[PDB]
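Here we start with a single chain on its own, the form deposited in one PDB entry, put down as structure tokens.
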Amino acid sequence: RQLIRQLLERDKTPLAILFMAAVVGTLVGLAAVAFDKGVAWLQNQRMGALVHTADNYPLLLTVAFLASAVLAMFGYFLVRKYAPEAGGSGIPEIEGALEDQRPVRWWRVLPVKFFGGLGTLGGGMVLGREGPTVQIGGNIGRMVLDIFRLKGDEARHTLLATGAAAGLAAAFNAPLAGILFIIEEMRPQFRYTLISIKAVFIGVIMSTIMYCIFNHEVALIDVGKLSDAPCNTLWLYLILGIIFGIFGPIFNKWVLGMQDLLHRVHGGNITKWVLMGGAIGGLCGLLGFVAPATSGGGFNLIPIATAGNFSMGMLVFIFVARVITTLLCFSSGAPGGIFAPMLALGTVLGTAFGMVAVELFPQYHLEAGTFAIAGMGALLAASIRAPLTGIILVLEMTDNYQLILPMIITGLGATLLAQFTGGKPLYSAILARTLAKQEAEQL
């Protein structure tokens, strides 16, 4: 009573950050659930109010095109106006914010990364919510430093990585992917002052506690308990990392090559960025009815492809027609991450390797889905090149933790073959292309 509580005056500012890291993690966990439950409302009101008479296929294709384009145009007009920095994932806009390179305007991003991400991702576009939640989370961590008035220089990098950790923890119910997002992915940007790593923990805890009360689901991806991977067959997860580790730098040259190729029909205009974003967001709404595996930001193709429900000629067709629809969305300037459309390209090429590995090897008794869970985090290690948070996020979402060894081998063969090929991390190459564009345009 009177022998313990007098030590608060000794370290009053560390206990001022760790209390504020509890209100960062609470406010990010509310803004992430209202994102995910608010984007599922616009996705259920779209397909639910699509079929009306069930025999009017000319009008039903028109409604599926316009009602997903106007929602997408609401997410493209609110981005190039009033908040131009919320025009992509948001992981490069916080990686250049832990180091003092990019400004953090929470008064502009938070009514835009929320209300534009609800119209972009709610239009059936191939874009995930790992983008608009870590960017929202990185700005709520900046928001409480202007509400609670503190001008600390170490309390502004601590809370901005707290809500960024709380954004990944409250988007995928993944408390371990949120902490290791700051540790090993954002390694040259984090400080680790022994109180900042405790403040990341409170923000991750309070954002996953607020995921309990409104999301009573067991997993985000509903693939059950798959088979084990014996260590007679752990060399096929090294050939899987070789195949994924070569496509990774080729995909990063395709992301950054389509950001400049699509930036030629409009050239930077406002009346032509929006009309192009409605032609993209309407095409991914028109694809939501005629081919539901092509459109969408993953997470429904993922527990279907890993069960062997697709054929071989249809898994090749999806990988061609999902690369086209994920380079037309993320490499266009829409608020939405490339993360969840990379989880849907990992279970397609992973199963296409897993369906061939049971024809050449009948003596291994291989399941065709164990290469889809392992391949899911193998494009996150070759493109983004954050292999450890990309294999404690496939495990946190599919709950298939028995593949903890084969998912490292395909996460290590992907990182090793992406560095040998000549590939950069994707979230550090979008940031390095926006800083060099900022320096060369104002001069």
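Don't overthink the numbering: it's just position in the shown sequence, from 1. In this text, rigid core is short for the largest set of C-alphas that superpose within 1.5 Å between two forms.
The discussion below concerns the form deposited in another entry, not included here.
Of the residues checked (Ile250, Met312, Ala291, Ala219), the rigid-core alignment between the shown form and the other one shows a Cα shift of at least 2 Å for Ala219 alone. With the core held fixed, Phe190 shows a CA shift of 2 Å or greater between the shown form and the other one.
Put the two forms on the same core and the Cα of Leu7 is off by 2 Å or more between the shown form and the other one. Compared with the form shown here, the C-alpha atoms of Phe190 and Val23 sit at least 3 Å farther apart in that other deposited form. Between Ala40 and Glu217, the Cα distance is smaller in that other deposited form than in this structure, by no less than 3 angstroms.
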